[PDB]
Amino acid sequence: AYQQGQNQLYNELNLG
Amino acid sequence: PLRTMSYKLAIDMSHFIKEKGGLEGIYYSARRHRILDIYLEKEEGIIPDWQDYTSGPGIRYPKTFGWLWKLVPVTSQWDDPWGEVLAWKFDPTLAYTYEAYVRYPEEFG
């Protein structure tokens, strides 16, 4: 939830 | 460990991201901006006091030398104050050319 909601955002930038 | 952004810091980083196929050609939003600010803090513990740019218009250059990514043009409330579109793009010249104070020296102090 904290490490996921963080990761899914990273995705928008091609990282994760 | 916390730490304010330094040259060698921002420098080595700029590549670390390109080497990870990041940012290049990705579309910008004032939301996505903070999204970046945060990655550095959660992953690299970098004080996000660094990420800043030139108002513009036209090309937007970083107010933190060593940073090798520039905003280049090609609604929402994270839209652009100059009504332009902006996307990230790598440029090593910004490591040896402070395009900022070059073209927009008036935005300092």
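Residues numbered from 1 in each chain as written, not as in the entry; some residues may be left out. Chains lettered and ligands numbered in written order. Heavy atoms only, no water.

This entry, as listed in the PDB, derives from X-ray crystallography and reports a resolution of 3.699 Å.

## Notes on a nonpolar patch on the surface
Heads up, the condition is: Patch membership requires more than 30% relative accessible area and the absence of a salt bridge. Residues of like charge join within 9 Å; the nonpolar side chains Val, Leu, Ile, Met, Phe, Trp and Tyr join within 5 Å. Here the accessible surface of atoms and residues is derived via Shrake-Rupley with a 1.4 Å probe, and residues count as covered only by protein chains that are part of the display. A side-chain nitrogen of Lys or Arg and a carboxyl oxygen of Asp or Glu constitute a salt bridge if their distance falls within 4 Å. Note on conventions: DSSP H or I runs of at least 4 residues are helices, E runs of at least 2 residues are strands, and numbering of each starts at the N terminus.
Residues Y27, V74 and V85 of chain B make up a contiguous nonpolar surface patch of about 340 Å² in total accessible area. Mapped onto the fold, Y27 of chain B is located in the loop between α1 (7-18) and α2 (30-44).

## Observations regarding the pattern of salt bridges
Tallied over the entire structure, the rule returns eight salt bridges over all chains. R103 of chain B is paired through a salt bridge with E99 of chain B; the nearest N and O atoms lie 2.8 Å apart. Taken together, the positions of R103 of chain B and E99 of chain B, both in helix α3 (residues 99-103) and four residues apart, correspond to about one turn of that helix. Via salt bridges that share partners, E12 of chain A together with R31 and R32 of chain B belong to a single interconnected network.

## Some words on the packing of helix α1 (residues 4-11) of chain A against α2 of chain B
As a reminder, the rule being used: Axis lines are fitted to C-alpha atoms, over the contacting stretch for helices. Their N-to-C directions set the angle, which ranges from 0 to 180 degrees. Just so you know how the angles are binned, under 35 degrees is roughly parallel, over 145 roughly antiparallel, 65 to 115 roughly perpendicular, and the rest oblique. Crossing chirality is assigned from the near helix's rotation relative to the far helix, an anticlockwise turn below a right angle marking it left-handed and a clockwise turn marking it right-handed. Any two residues having at least one pair of non-hydrogen atoms within 4.5 Å are treated as being in contact. Here the nonpolar group is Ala, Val, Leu, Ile, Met, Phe, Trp, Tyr, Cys and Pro; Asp, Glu, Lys and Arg are the charged ones; every other residue, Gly included, is treated as polar.
Where α1 of chain A meets α2 of chain B, the closest approach of the two axes is 10 Å, and the angle between their N-to-C directions is 120 degrees. Judged on the interaxial angle alone, α2 of chain B and α1 of chain A are oblique. When you trace α1 of chain A past α2 of chain B, the crossing you get is left-handed. When α1 of chain A is examined against α2 of chain B, the residues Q6, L9 and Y10 of chain A are found in contact with a partner set consisting of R31, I35, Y39, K42 and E43 of chain B. Residue composition of the contact of α1 of chain A with α2 of chain B, by class: four nonpolar, one polar and three charged.

## Some details on the interface of chain B and chain A
Where we set the bar: Once two parts are brought into contact, the accessible area they lose, counted with a 1.4 Å probe and summed over both, makes up the buried area.
At the interface, 13 residues of chain B touch eight residues of chain A. Looking only at chain B, the three residues that lose the most surface to chain A are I35, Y39 and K42 of chain B, adding up to 41% of its buried area. Linking chain B with chain A are two salt bridges, by the criterion used here. Close ionic contact of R31 of chain B with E12 of chain A constitutes a salt bridge, the shortest N to O distance being 3.2 Å.

## Quick look at the packing of aromatic side chains
All names here are of chain B. Applied cut-off: Side-chain rings of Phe, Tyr and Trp (the six-membered ring for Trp) are treated as a pair once their centres are within 6.5 Å; stacked means planes under 30 degrees apart, edge-to-face means over 60, and tilted covers the remaining angles. Buried means the residue's accessible area, taken with a 1.4 Å probe over protein chains only, is under 20% of the maximum for its type, while exposed means over 50%, and partly exposed covers the values in between.
Within the structure shown, the criterion is met by eight aromatic pairs over all chains. Where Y98 meets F108, the ring centres are 5.7 Å apart and the plane angle is 40 degrees; that geometry is what we call tilted. Taken together, the positions of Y98 in the loop between β4 (87-90) and α3 and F108 in the segment after α3 put the pair 10 residues apart, joining distant regions of the chain. Among the residues examined, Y98 registers a relative accessible area of 26% and is labelled partly exposed.

## Description of α1 of chain B
Residue and element names in this part refer to chain B. Applied cut-off: A helix is expected to span 1.5 Å for every residue after the first.
For α1, with 12 residues, the first-to-last C-alpha span of 17 Å sits near the 16 Å given by 1.5 Å per residue. Here α1 has its buried residues at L9, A10, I11, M13, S14 and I17. Buried residues along α1 sit against β1 (3-4), α2, β2 (46-47), β3 (69-72) and β4.

## Concerning the nonpolar core
Residue and element names in this part refer to chain B. Condition: By convention a nonpolar core is built from buried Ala, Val, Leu, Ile, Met, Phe, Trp, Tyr and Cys residues, the set being connected through side-chain atoms within 4.5 Å.
Membership of the largest hydrophobic core comes to 29 residues, with the highest contact counts inside it found for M5, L40, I46, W50, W67, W69 and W88. Counting residues per element, the ones that place at least two in this core are α1, α2, β3 and β4. With sequence-adjacent residues up to four places away left out, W67 is seen in contact with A10, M13, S14, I17, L36, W50, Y53, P62 and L94.

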